[PDB]
Each structure stands twice: as C-alpha cells, then as structure tokens.
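Novice: The structure's right below; bear with me while I get my questions together.
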Amino acid sequence: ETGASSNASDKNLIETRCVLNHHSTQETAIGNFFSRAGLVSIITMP
Amino acid sequence: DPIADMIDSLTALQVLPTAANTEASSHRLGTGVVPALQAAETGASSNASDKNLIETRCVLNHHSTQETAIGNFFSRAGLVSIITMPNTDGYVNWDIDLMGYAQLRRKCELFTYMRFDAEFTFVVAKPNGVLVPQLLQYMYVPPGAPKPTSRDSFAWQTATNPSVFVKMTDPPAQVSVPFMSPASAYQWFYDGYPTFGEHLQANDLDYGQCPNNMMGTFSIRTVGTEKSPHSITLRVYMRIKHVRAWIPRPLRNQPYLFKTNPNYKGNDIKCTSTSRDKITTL
Amino acid sequence: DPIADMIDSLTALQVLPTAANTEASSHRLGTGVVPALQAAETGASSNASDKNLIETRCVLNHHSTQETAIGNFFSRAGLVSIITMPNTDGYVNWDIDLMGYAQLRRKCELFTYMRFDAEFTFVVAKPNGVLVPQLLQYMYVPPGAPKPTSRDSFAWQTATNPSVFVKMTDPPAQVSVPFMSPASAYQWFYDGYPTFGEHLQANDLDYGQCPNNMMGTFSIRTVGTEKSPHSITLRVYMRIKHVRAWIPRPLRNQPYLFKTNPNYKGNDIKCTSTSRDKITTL
Amino acid sequence: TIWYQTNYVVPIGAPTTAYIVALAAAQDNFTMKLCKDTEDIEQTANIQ
Amino acid sequence: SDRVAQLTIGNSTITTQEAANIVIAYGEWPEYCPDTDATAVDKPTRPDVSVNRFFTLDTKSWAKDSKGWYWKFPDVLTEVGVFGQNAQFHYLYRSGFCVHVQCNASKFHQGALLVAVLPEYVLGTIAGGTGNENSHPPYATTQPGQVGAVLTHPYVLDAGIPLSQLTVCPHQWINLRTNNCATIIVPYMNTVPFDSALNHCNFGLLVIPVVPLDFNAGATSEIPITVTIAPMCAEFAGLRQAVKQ
Amino acid sequence: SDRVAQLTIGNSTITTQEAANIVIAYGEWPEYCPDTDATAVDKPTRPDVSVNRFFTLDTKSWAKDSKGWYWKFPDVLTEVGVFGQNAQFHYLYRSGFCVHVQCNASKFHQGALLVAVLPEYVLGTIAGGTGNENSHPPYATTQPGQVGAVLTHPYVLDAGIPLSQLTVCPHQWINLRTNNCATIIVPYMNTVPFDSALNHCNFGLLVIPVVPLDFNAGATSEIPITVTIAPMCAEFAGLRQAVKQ
Amino acid sequence: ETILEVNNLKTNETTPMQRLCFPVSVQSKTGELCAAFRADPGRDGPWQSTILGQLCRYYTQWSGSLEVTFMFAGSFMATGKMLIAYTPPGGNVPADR
Ligand SMILES: CCCCCCCCCCCCC/C=C/[C@H](O)[C@H](N)CO
Ligand SMILES: CCCCCCCCCCCCC/C=C/[C@H](O)[C@H](N)CO
C-alpha cells in the first residue's frame, strides 16, 4: 500500500551460493532499444 | 574445531610456430633401454622418435604450423542454403538449419562443441543465373517474433528485427552475426530429449533435438505490393570466425540422409577403405 | 578458493550454597514499568520477585541447599528384590530387574537418564526372621555366561564370575557395583523396539525393552551337596552413588501394575488431587 | 501454486470471501538480450 | 515488535505476525557430533540443504470436544523427501529439530493449546480395563507416521503421568487471544551419539487443548491445526541397501 | 610394479594385479563447479560419501561372436542407491565419473576389447534399410538403463562413424595376454554447468571386441565382462518432488 | 511491480475487471489449492498483463530472479495462513499439499 516495490532479495528468503555473473546491461539501454530503422510512411504516385 | 574431517591438470600449452627439428644420433647397443617396445593397452600413443630407431642427421626445418590451426581451417565460406521463389506468392519463410549440405557439415562435425561468430553472404540471381533490376528484403526473425504470413504483412515493418534491403544487380550482401546461443557453445550432437514426460514411439522425433541451436526463421520477399514476374534463387554462404572447438570425434564415413539425425542407409554400409584382392600384393 | 560457500548455549552454572537474600524495598508509582504482568505463552516461568510486588525488609538467610542435591536425594538404600528358597531344589536364578518395588521406582523415574555406581546389601534370614548357621553363595552371572541348572552344577566353580560366600549368622554382605551399561547412561524409558523386522501383534511385548539395561542373572544356593532343611528369604537393598541425571519427567500418579511397561488400570483413573465439594469453600 | 496452510477464519458480521491481488517484478540480477519484434500488437487494417 | 518472526532454513521460509518467543530446549542448540563423543569410524554424510528444511505434515481439525494429538520423531519424516531416503539407506542417524505448530482463529474465538516436547514418550494401555491383562500398544499406535494419533486418556497422557506437570518439559502455549503459533528448537537427546531412525523415537510432540475451543454460532467452526518441522544438523552413517522398517 | 593398483573411494575398494595405467580423460580431474562458471543461485547439495562410491552393474557374457555393448551415463545410476534418489528429487546434477571394466581369462585364451568413452553418443538407425524411412531409435535403445544394450552394426558404431578412429576418444584396451582391466577417469563435459539427469546423457561407454575371443575346447567358455563405476564430485540442485522420468 | 492476471478465465472475458483478483474463502476440507500458474514471464498466460512480461516480449532471452507479491484485501477481522510454493521443472501441478 505504500506504493513502493518489494525490497526482498534471494539471500533473505532462501539459502544461496556465491554467483559472480557478468551479464551485460548494454542492450536494454534506450539508445540500443530505439536505434533500429522502422517503417513510418508509404507514399505512392499512381 | 571439534570435528576434524570438516577441515579438508596434467598438461600445459606451448607456442610451436614450426615443426620439430631432428638431432643427429649414432648407434646404440645395450640392455635395459628399449625405446621401440611399447604398450598400446595403456591408451597412450607411442613416444618413440626418429633418433631412437635409426641413425639420423641434423635437420633444421622451418615448416610452419599456421595453416592447420582451426581458425584457418574454418574461415572459408561454404554453402548452407538454397532458397527459391518460383512458394508462389512472393515470400519464403526458411527455418534456419545449416546441416543440409554435406561439405560444411562434415567439417563442423569433427568436433562436439563449437563457439564462433559468423559472416553470411547472400548471392542472389535468377534460376538460370541472369540478373534483373529487382528490390528484395531479407529479414531475420528470432524465435518468438511474429513471422510474415503474406507479402504485405505487418511483420515487414521491421521496427526491431534486423533487415537488409538489397537489389539483384548489386554486389552480394554481407553481414556479421554474433554467437547467440543460450549455452556456451553450439553442439552438433545432443544425446537426449529436450522436455520431460513419457517418451512413446509417436514422439521419437524429439530425440537429439537441442533448442540451444534453434536460431529462428530467415524470411525473404519482393518488396512491392504487386506480384513480381521474376523467379528468385538465393544462395547463402557462411564463414566461421573467432572459433573455439572442443572434443574431436570420428569423421563420418557414410553419406548423409536427413538434416537432424545421424541415420544411415543400412543396406549399403560403405567400407572406410578401398578394397584389394590379396593382403600380400598391392 | 573458487567456491565461496564451502568456507563456512544460553546458560551457565554457579555455586549457590545458601538460598537467596531479600533486599529492602519501598513503594513505586509510575508508568511503563510493570513487573507483575507476565506472558505464560512464551514457555518461560515468571521472573517477578518479592521486592517488586510488595514492600520488603532485608533478610540475610543461611538456609542450605545441600539436602536437595541429587546425590543426597538418592544415597539411601531401598528394597529392590525379595528372593525365597522354599524353587525346592536349593537354588534360585533371578533375572535382574530392579523395577518391582514402587518406592525406589518412582524416585528413579523422575528422570529419563541416569548414570551411577551402586552398593548392594544382602539381608538374609528365615521366612519368620530367625537365623541359623547355614552357608550360602551369591553369584553374579553376566549376560552370555552359563547359568546354573542345579545345586551341584559346574557353574558354581566361579573361576571368573564374581561370587560371595556368606553365612546367615554373619552381618549382611555389601559389595560395590560399577556403571556397566554399553551406553552412557541407564534409561528407564525407551521409546522403540530393540530389533528390526516386522512388528506384528504377537511380538508387541518387544516394545519398550532396552537391552542396555539388562544386566544378567543373580544366582543363590546352599553350598553343600545335600538338601538343606532351612527355608531362605533374601532381601536386596541398593544405594545409588556418584550419580548424574538428565531430563526431568512428570512423577507418576497411577499405581504400578507390571515391571516393564507404564500400563495403568483404566477403569480406576486416580485424580492427582483430593476432591472437595465447592470451589469457594475450603 | 498457493495452498491453504490453515483455514480462512472469520467472526460473525464479516464477509466469508476475500480477494488477493498478485504483483510481479524482477530482481537486480535480471537481464535481457537479443532485441526483437513483439507479437502483441498487430496491424491488419490500415491506421486512420 | 518481537511478535513478528521469520524462520528461514533451506529453501523454505515461515513468517508469523502473532508470536511468542522461540523456546530453545534445555538451553542448547543442535550440533554435529564431535570427535570426542563419536564411536563409529566411517565418515558420515551431511546433505545440509535437501534434509535441513521445513516439512509440513497433515492438518488436524480442532473441534469442541477434541482430546489431543501426538506425533513421534523422527518417525514423521521417514517416508518424506530426501530425509526419508537417507534414513532408509543408512543404519545410523543423528539430528535436532525445529518444531512449529500453527493455529489461527478470530478475535471472537477462545481456547488454549499446550504444545510440549516429551523425550522417550513410552505409551501404556488400560490393561484390559480391570488391570489384569498385560496388554501392549500396537505398531500403528507407537509409530503413527506423519498422520499422528489421538490421545485416548489425555489426563494421564496415555502413560500414567499427569498433564498438569507436563510443563516441566520444553513447551509453549497457543492462547487464541494472544498468539497463533508455537516454536520449539530441540537438540539431539540420547544415551548414544547415533541411533536407528526406524527402531527408535527420540521424543514425542504433544498438542493438547487444556481450555476447550468455544465460539458463538455464525462464526467459523473449522479451526485447523498444522505442524511444520525441520531437521537441523542431520547426519547419516552406515550405508547399506534401503530398509523401510 | 605399477601393474598393481588400488582404487578406494567411499566405502568401496577395487584391487587389481594385472593393469595398465589410469587414463585421465583430456588431462582433467573432476571438480566442483566454481563461482565464475555457475549461474543458478540456490545452494547445491554435496553428499560426498553416499553418492561418491563404486557401483557395480550387471555382467555380460563374452561369446565368440559378440558384437559389443554400450551404456549411457548417468542413466545407468538413476535407479541405484542414494545417487538414484538425489537424481530424482533434484532438477540439476553435475558430476564426473571413474569407469572400471573387468574381464579376466587364462593364459591360454586370446582376444582384445576396446573400452572407449564417447561424449554425446547420439544413435542412428538403418533408415528402414533402403534409406527412405526417417526412423528413430526407441526409448529403450537410447537410454537402456543399468543393463545396457547390444550394438547392431559395430563397424559404424550405430551412428555412421567408423570404429577404426574411435581411439581419438579417451580409451584403453583389455588385451587378454597383457591385462584384465581398464580404468578411465572422466570429468564433467557439457556446454552448461548443470543439467538434468533424466533428460540428458553426457557420454557413452563402448566395449567392443576388436580381436574376437578364441580358446581350445576344454578350457572355460564362460568369459564374463563386468563394469564398475563411481561418481566423483556429484552435486545436485533444484529440489522438488521425485520425478522418475 | 504490476498486477498479475492469475484469474484469467474464459468466463471472465466480458467482465475483465475480475481478472485482477482471485478469491479466498472459508474451507471445509484441509489443504486445498487456491490457484496455480506457470512462472514463465514470456509465455502466454497471467504474465502478459505485467510491464515485465510486456518488455520481455521485445527480447529473445532472459536471465535472473523474479518476485511475486501477494496482497490480502480482506477485513481486519479475518485471519488465515497460506502456503505459496515454487516448483522447479520436471512435473505438472502437484496433486496435494
Ligand atoms: C539479416 C541477417 C540474417 C542472418 C541471420 C543468421 C542467424 C543464424 C546464425 C546461426 C549460427 C549457427 C547456429 C547453429 C546452426 C545449425 O543449424 C544447428 N547446429 C543445427 O544443428
Ligand atoms: C555378587 C554381586 C551381585 C550384585 C550384582 C548387581 C549387578 C546389577 C546392577 C545393575 C544396576 C542397575 C541397572 C538397571 C536396573 C533396572 O532393572 C533396569 N533399568 C530395568 O529397567
């Protein structure tokens, strides 16, 4: 009800191991999300 | 600590740009030292050399080992697909499976696992080889994305899908493709089933199918709304770059039959060697 | 180390020779500090004292806590056996089970586990209490040893078994017996079965029988080859020394029926208290 | 799956049926890759 | 704000908002067996996550004339999960427990349960009624499994010992106006460092309604009681083929 | 005096007096998964004695016209012991293996077996004989269990690849005049750090008689072949109810 | 966090505001299940109504941990205990608690 999202993590709910992950966050940046050519118009001269 | 039992590779790499030199040797007579007698049951290859079996001279040879490196063995464009638009409504959806042509398939299946970047070249012409001014569009459809249902489908808007627009009188198109498996390598051999459940005889096609190699759909079309009067023939070629390979395998001695299984014709088993008449006469 | 997760009591004793002193206290008026309100649901006993509920004086008391120590509570000889030789061939083999008399049984069953040394006294007379010049022999037969089958058996040679020769006109014999269980304590309650297998209704007698408490056979005889004309009555008394006890239990409020089980008469359940007529009139 | 551990207990005067709202998000080790076309929007007819 | 609690062990979590303290039985936490107390020479196995986790048993129904229930440990878990498989393939076992009993009701209900742990709970019979039969309890009574059994004479605890001094054992209450749960952490208690899991029961858990359940007509009449348990430092030794009993 | 060997792991010991070396496949010993290569976040279980021990399968009979046998790993052990129970209760598994094949005969017998380990041994069919049917091998063929299966066309290894270059894989020979056993230690080989034990087989063990068995009439004609295997660094993760297949 | 449509029934399609909450009631038998759904954020089902399940559809592969939050909207006078389980792959919905 406070409008805040949950702050519970993996380590506080279950017993976890150590994971060193190197998954990049580059592709979900909005520059990479939008820099793709898409169709905006089709113009015809009959 | 009250509990005392809770307290708790063989070889390395070397750079060898040339083949090995030969040292000079003389005769040898004695007991106890027998380098020619081996034991093949240990699983080890023979370690006997030239200098221990015959009398040798000194040879300083500079023969390079660069061409047999697996980067030079694989960086050659080979045919992986032939797509035709005689499929009479002006578009083809082709499911990406690069095991349909025997020459590149036998080279890649020397190893079990492989991780590489690719380079795809699209050589397009008419079925007799003539070229016409005609605009085409190639689109890569990843798994989960909507595939086109007609020539004027909404999926050709390609707002996020990567797409190439090209003409037939142009040079062939080239793109670079990264390593895009969810695993750490591609495997040409997957011993098992993808899903759980019972494995009955009607679902025996599932055996050997790895979804980590399924990369989606490659779609082509002629761009305009109206029907084109030209027949299309597209040939796809693939170079393998930045390659790593694991676990060598026996090379196949039987002709291929299907794209997804190692099935072989059982009535004509080919012998690996060429036969002769007698063991004493060559 | 490449793997990081493979790297990895409340109270104490005090000597209290006397009971606790009382401090002087005065009145107390205020909010927030309520030592009289408790919470019995936590499983903890109340920690409220004299000085927080009433106004007290200073009392320096020197009442000793020595007699309620479990060494003083248990070091008293109580009856464990009555053996009679009217058994008409001059010997008795008695299987050692000390749970046949209710007074020492209820004291020992206050705890679950107990580890002690013992001292056994043998008070022997005629059935009417008269004493005669008569030689007797008591032998302890450990489990596995041969027990005597007659008055002139070979087992009375006692070459390794401990034996006492005594006369009836002598003082009573006393011996010291160590702690001889294969476990670390004797248990008066064993919730389970000794052996494996199926547990059918015909083998329900096995429930509750611990072989760690079974100590063997106590044998008596008159020494001579010929028959003695005197009847014998032997009373055995046991003191408990060097005692350690664990896990207190509820004391039994029902009369005992058998020596090996907690069975009780179900048609006459005794209430623990003495009844009255009204809750307001004592 | 969600199960009853004990019952839904209620006194007199309060309703015997309640409702649960489920909310979902991602953690801080969440990533995505290989950006592609979605399949939720379509366009069969021309817009405007 | 100590009325809220969270118990996390393994891949399981219990949350409660209406609680008393946690009782640690005899002031001792469960431990592994040290080298000075051990006697068996083979190396024991410690699975440490697949066996040390919360296990939820079947659910009882508290009626207005309920007598009480009991469970036997570790007999409740000898057919459940990876703990039940390690207890059948091995000859020796050793572990402590964390017992959690749940019972919620509204603010217009009343009643009180006594939740106690009694080690070496040996059961008796009524001796045929008249006291002349040397009767013995059946195998379904002494080891009832994960379902549990009902007490016939709860005033003498079916063993000739009174309920009124059962609070000399580690215990809690579930008073319906105060809390809805009880939590006892039990160490390993035996005369031997290891024992059999199929032949011997270390302790029994007793849940008896001392004050009976009461409510007015129109409120919820289905008041259930759930028991959730967790092994703590489970060790197993003496590996051989699987033996069920 | 390196012809004698002793392999002790768990509560099991193998002795041999007529042996070659031990082959360590690709020069690598089995290991647990490090933190840099792992992806799953839950803590795995490592039983370390009850699963890392020698397991003896059924025994074959070497005749004078035997084709060969194969086994699939870890499919041979998914119903055996505590390893077979951890593989059913968990979703992910990871381990290496120590394979030991035994075959003894007298000094008047002759014959040679090739004992090889082939990772990702995918089987083919004869495609209906004529090559026109897209046939697939049945489930009893691709995963034969602890019994194993017989090779139909051993010259092409039932997969279209020749026997003559099977020695590019980690292998040993059992030559009856020289030794009576073969030992290969295999690490974990996959494209993923953990995988399913019921859906995926890492490698296959092939035992093929290259030189056929021969003896004169009057000697012992019952020459058996026994396979004994041991997991080495077995890990399990993803605990859930038991799934058999 | 955005709302998960666990109550995505075919009878709810003409009154679609009921798909945002699922009921909980007084039971007669013990250990019943209230709801069951898959934990796949990019699959068709209850995860389609979330902004995480909508932005996943623009990508091909995903990784990482998820979270589901359940909020009880009953009376102050109502009590109860629920068991919310997550099962790794290998089987169907579990038959009992
Ligand atoms: C406009 C660009 C279009 C080009 C898109 C090409 C992407 C596909 C690259 C896949 C790389 C090889 C993946 C595996 C191929 C084999 O078919 C599998 N191993 C099947 O066994
Ligand atoms: C000549 C010496 C004879 C005396 C031999 C006496 C040895 C026996 C001592 C046993 C000490 C008590 C052991 C347990 C007694 C009870 O019967 C068991 N707890 C049965 O429940």
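Residue numbers (UniProt numbering), protein chains in the order written: chain A, 616 to 661; chain B, 567 to 574, 584 to 661, 667 to 862; chain C, 567 to 574, 584 to 661, 667 to 862; chain D, 518 to 565; chain E, 79 to 323; chain F, 79 to 323; chain G, 373 to 469.
Where a beta carbon is used, it is the ideal one built from N, C-alpha and C, also for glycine.
Secondary structure at residue 599 of chain B, three-state DSSP: helix, strand or coil?
Specialist: In the second sequence, residue 599 of chain B corresponds to position 24, counting from 1. Here residue 599 of chain B sits in coil by DSSP.
Novice: So if I threshold CB-CB distances at 7 angstroms, which residues from the segment 166-184 of chain F count as touching chain G?
Specialist: The residues in question are 169.
Novice: Compute the Euclidean distance between the alpha carbons of residue 835 of chain C and residue 167 of chain E, then round it to the nearest angstrom.
Specialist: Translated into the one-based positions of the third sequence, residue 835 of chain C becomes position 255. Translated into the one-based positions of the fifth sequence, residue 167 of chain E becomes position 89. Cα to Cα, residue 835 of chain C sits roughly 43 angstroms from residue 167 of chain E.
Novice: Can you pull the chain B residues whose beta carbon is under 7 angstroms from the beta carbon of residue 653 of chain A, in chain order?
Specialist: Translated into positions along the first sequence, residue 653 of chain A becomes position 38. Those are 737, 738 and 739, listed as they occur along chain B.
Novice: What do you reckon, are the CB atoms on residue 296 of chain E and residue 529 of chain D nearer than 8 angstroms?
Specialist: Sequence index remark: in the fifth sequence, residue 296 of chain E carries index 218 (1-based). Sequence index remark: in the fourth sequence, residue 529 of chain D carries index 12 (1-based). Going by C-beta atoms, residue 296 of chain E is nearer than 8 angstroms to residue 529 of chain D.
Novice: Do residue 671 of chain C and residue 827 of chain C have their CB atoms nearer than 8 angstroms?
Specialist: Stepping through the third sequence from its first residue, residue 671 of chain C is reached at position 91. Stepping through the third sequence from its first residue, residue 827 of chain C is reached at position 247. Cβ distance not < 8 angstroms, so residue 671 of chain C and residue 827 of chain C don't count as in contact.
Novice: State the CB to CB distance for the pair residue 259 of chain F and residue 117 of chain F, rounded to an integer number of angstroms; the pair is presumed to be in contact (CB under 8 angstroms).
Specialist: For the purposes of this step, residue 259 of chain F is taken as residue 181 along the sixth sequence, with counting starting at 1. For the purposes of this step, residue 117 of chain F is taken as residue 39 along the sixth sequence, with counting starting at 1. Rounded, the Cβ-Cβ distance is 38 angstroms, inconsistent with contact.
Novice: With DSSP as the reference, please indicate the residues paired to residue 816 of chain C in a beta bridge.
Specialist: As a position in the third sequence, residue 816 of chain C is number 236, starting the count at 1. BP columns for residue 816 of chain C point to C:656 and C:702.
Novice: Is any non-hydrogen atom of ligand 1 found closer than 7 angstroms to the C-beta of residue 676 of chain B, if you look at the structure I gave you?
Specialist: Residue numbering aside, residue 676 of chain B sits at position 96 when the second sequence is read from its first letter. Residue 676 of chain B: yes, Cβ under 7 angstroms from ligand 1.
Novice: Any heavy atom of ligand 2 inside 7 angstroms of the beta-carbon of residue 742 of chain C?
Specialist: Taking the third sequence and counting its residues from 1, the one referred to as residue 742 of chain C is at position 162. Within the cutoff, so yes.
Novice: Do you know offhand how far residue 688 of chain B's Cα is from residue 840 of chain B's?
Specialist: For the purposes of this step, residue 688 of chain B is taken as the residue at position 108 of the second sequence. For the purposes of this step, residue 840 of chain B is taken as the residue at position 260 of the second sequence. One C-alpha to the other measures close to 14 angstroms.
Novice: How long is the line joining the alpha carbons of residue 562 of chain D and residue 401 of chain G, rounded to whole angstroms?
Specialist: To locate residue 562 of chain D, count along the fourth sequence from 1; it is residue 45. To locate residue 401 of chain G, count along the seventh sequence from 1; it is residue 29. For residue 562 of chain D and residue 401 of chain G, the distance between alpha carbons rounds to 53 angstroms.
Novice: Roughly how many whole angstroms lie between the Cα atoms of residue 81 of chain F and residue 192 of chain F?
Specialist: Your numbering for residue 81 of chain F matches position 3 in the sixth sequence. Your numbering for residue 192 of chain F matches position 114 in the sixth sequence. Straight-line Cα distance between these residues: approximately 19 angstroms.
Novice: Return the chain-ordered list of same chain residues with a C-beta closer than 6 angstroms to the C-beta of residue 756 of chain B, the five sequence neighbours on each side being excluded.
Specialist: As a first step, residue 756 of chain B must be located in the second sequence, where it is residue number 176. If we look at residue 756 of chain B and ignore the five residues flanking it on each side, its Cβ neighbours are 699.
Novice: May I have the straight-line CA-CA distance separating residue 425 of chain G from residue 647 of chain A, to the nearest angstrom?
Specialist: Locating residue 425 of chain G in the seventh sequence gives position 53, where the first residue counts as 1. Locating residue 647 of chain A in the first sequence gives position 32, where the first residue counts as 1. Rounded to the nearest angstrom, the two C-alpha atoms are 19 angstroms apart.
Novice: I want to verify the contact list: residues of chain E whose CB lies under 7 angstroms from the CB of residue 438 of chain G, in sequence order.
Specialist: Taking the first residue of the seventh sequence as 1, we reach residue 438 of chain G at position 66. Going along chain E, no residue has its Cβ under 7 angstroms from residue 438 of chain G, so there is no contact; the nearest lies around 15 angstroms.
Novice: Quick check on residue 287 of chain E: does DSSP put it in helix, strand or coil?
Specialist: Numbered from its first residue, the fifth sequence carries residue 287 of chain E at position 209. Three-state DSSP puts residue 287 of chain E in a strand.
Novice: According to the Cβ coordinates, are residue 385 of chain G and residue 621 of chain A closer than 8 angstroms?
Specialist: The residue labelled residue 385 of chain G in the question sits at position 13 within the seventh sequence. The residue labelled residue 621 of chain A in the question sits at position 6 within the first sequence. Cβ atoms of residue 385 of chain G and residue 621 of chain A: not closer than 8 angstroms.
Novice: With C-beta atoms as the reference, is residue 123 of chain F less than 8 angstroms away from residue 108 of chain E?
Specialist: Taking the sixth sequence and counting its residues from 1, one reaches residue 123 of chain F at position 45. Taking the fifth sequence and counting its residues from 1, one reaches residue 108 of chain E at position 30. Result no, Cβ atoms of residue 123 of chain F and residue 108 of chain E do not sit closer than 8 angstroms.
Novice: Is the beta carbon of residue 521 of chain D closer than 8 angstroms to that of residue 393 of chain G?
Specialist: Taking the first residue of the seventh sequence as position 1, residue 393 of chain G is located at position 21. Taking the first residue of the fourth sequence as position 1, residue 521 of chain D is located at position 4. Taking 8 angstroms as the Cβ cut-off, residue 393 of chain G and residue 521 of chain D do not qualify as a contacting pair.
Novice: Please determine whether the Cβ atom of residue 766 of chain C lies at a distance below 7 angstroms from any heavy atom of ligand 2.
Specialist: As a working note, residue 766 of chain C is residue 186 in the third sequence. True, at least one ligand heavy atom lies under 7 angstroms from that Cβ.
Novice: For residue 383 of chain G, does the count of other Cβ atoms within 10 angstroms reach 16, so buried, or fall short, so exposed?
Specialist: For the purposes of this step, residue 383 of chain G is identified with residue 11 of the seventh sequence, where counting begins at 1. Under this definition residue 383 of chain G is an exposed residue.
Novice: Just grab the DSSP bridge partners of residue 171 of chain F for me.
Specialist: Numbered from its first residue, the sixth sequence carries residue 171 of chain F at position 93. Paired residues: F:273 and F:314.
Novice: Sorry if obvious, but does the Cβ on residue 698 of chain C come closer than 7 angstroms to a heavy atom of ligand 2?
Specialist: Translated into the one-based positions of the third sequence, residue 698 of chain C becomes position 118. Within the cutoff, so yes.
Novice: For ligand 4, I want to know if residue 755 of chain B counts as a neighbour, meaning its beta carbon is within less than 7 angstroms of at least one of the ligand's heavy atoms.
Specialist: Here the bound small molecules are ligand 1 and ligand 2; ligand 4 is not part of this structure.
Novice: Return yes when the Cβ of residue 812 of chain B is within less than 8 angstroms of the Cβ of residue 660 of chain B, no when it is not.
Specialist: As a first step, residue 660 of chain B must be located in the second sequence, where it is residue number 85. As a first step, residue 812 of chain B must be located in the second sequence, where it is residue number 232. Their beta carbons are under 8 angstroms apart, which means residue 660 of chain B touches residue 812 of chain B by this criterion.
Novice: To which residues does DSSP link residue 309 of chain E through a beta bridge?
Specialist: Reading the fifth sequence from its first residue, position 231 is the one you call residue 309 of chain E. Paired residues: E:175.
Novice: Going by beta carbon distance, what residues of the same chain come within less than 7 angstroms of residue 200 of chain F, once the five residues before and after it are set aside?
Specialist: The residue given as residue 200 of chain F occupies position 122 in the sixth sequence. Hits under 7 angstroms: 237.
Novice: Just the chain B side, please: which residues come within less than 7 angstroms of residue 110 of chain E by C-beta, in chain order?
Specialist: Sequence index remark: in the fifth sequence, residue 110 of chain E carries index 32 (1-based). Simply 569.
Novice: Can you list, in chain order, the residues of its chain with a C-beta nearer than 6 angstroms to that of residue 171 of chain E? Leave out the 5 residues immediately preceding and following it.
Specialist: As a working mapping, residue 171 of chain E is identified with position 93 in the fifth sequence. Excluding sequence neighbours, residue 171 of chain E sits near 165, 275 and 314.
Novice: Please confirm whether residue 113 of chain E has its beta-carbon closer than 8 angstroms to some beta-carbon of chain F.
Specialist: In the fifth sequence, the residue the question calls residue 113 of chain E occupies position 35. Chain F contact via Cβ: absent.
Novice: Verify the CB distance criterion: does residue 134 of chain E have a CB-CB separation below 8 angstroms to chain G?
Specialist: Your numbering for residue 134 of chain E matches position 56 in the fifth sequence. Chain G, which has a Cβ nearer than 8 angstroms to the Cβ of residue 134 of chain E, makes this yes.
Novice: Is any non-hydrogen atom of ligand 2 found closer than 7 angstroms to the C-beta of residue 795 of chain C, if you look at the structure I gave you?
Specialist: Sequence index remark: in the third sequence, residue 795 of chain C carries index 215 (1-based). Flag set: Cβ of residue 795 of chain C near ligand 2.
Novice: Tell me the rounded alpha-carbon separation between residue 69 of chain E and residue 286 of chain E.
Specialist: Residue 69 of chain E falls outside the range modelled here, since chain E spans only 79 to 323, and no answer is possible.
Novice: Do we get a CB-CB distance below 8 angstroms when we pair residue 529 of chain D with the residues of chain E?
Specialist: Translated into the one-based positions of the fourth sequence, residue 529 of chain D becomes position 12. Residue 529 of chain D counts as touching chain E.
Novice: Can you name, in chain order, every residue of its own chain whose Cβ lies under 6 angstroms from the Cβ of residue 792 of chain C, other than the five neighbours on each side?
Specialist: As a position in the third sequence, residue 792 of chain C is number 212, starting the count at 1. Excluding positions up to five away in sequence, the list reads 761, 762 and 763.
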